[PDB]
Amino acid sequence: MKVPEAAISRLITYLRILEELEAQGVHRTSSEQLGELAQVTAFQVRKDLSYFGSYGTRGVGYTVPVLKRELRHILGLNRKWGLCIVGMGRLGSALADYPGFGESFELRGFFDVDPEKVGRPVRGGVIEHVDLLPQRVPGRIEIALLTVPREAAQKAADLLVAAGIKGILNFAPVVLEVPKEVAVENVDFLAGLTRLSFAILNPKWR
């Protein structure tokens, strides 16, 4: 009834497997196959899905197109979120060019404070100054991709919170302080690297 956040991550993985199975022409799957491809047990797959509903067919398995649609629904992918990039350095510029956001995420703003950058035309847009967030965010942008230097993150975050942002995808190696009403999700490649260090040094534990 109450969903652990570890399950949401696994649902994201199941949906990717379903998109792949569909691409391969597979119309039907099972908790066992789904588990095998996601490297989790069939038990876990069925438990994860049960948190939201009964999308399978007893004694048969799951119809790929159906589970796919249901998972996209649960995940909020059945809509078009408005996004923006704050910090047009190398990562931000790379993201503006990323051809993989799909139909669920649409870039609508690119902000920064550098005179050189501000004003530069980019894929589907043109860089603007951050103070224009209050006059660009409301009703148009729900999620912000935060790609500024570590020391500028928390600052940029406050400007986003005050601008009425709904969520922050944080790429900066720092814990952000935001009001509980604002969602934050971190993408930390340095932490990932350090975890590999620990893992490699502790094979037994791994």
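We number the residues from 1 along the sequence you see.
When the mean C-alpha temperature factors of 74-82 and 94-102 are read from the deposited coordinates, 94-102 comes out higher.
The stretch 178-186 shows the higher mean C-alpha B-factor when 178-186 is compared against 194-202 in the entry. As recorded in the PDB entry, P149 shows the highest C-alpha B-factor of the residues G53, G61, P149, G167. In the deposited entry, the Cα temperature factor of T57 sits in the middle third of values across the chain's modelled residues. In the deposited entry, the Cα temperature factor of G35 sits in the bottom third of values across the chain's modelled residues. Among all modelled residues in its chain, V137 ranks in the highest third by Cα B-factor. Ranked by Cα temperature factor within the chain, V45 sits in the lowest third according to the deposited record. When the CA B factors of the chain's modelled residues are split into thirds, the value for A172 lands in the middle one.
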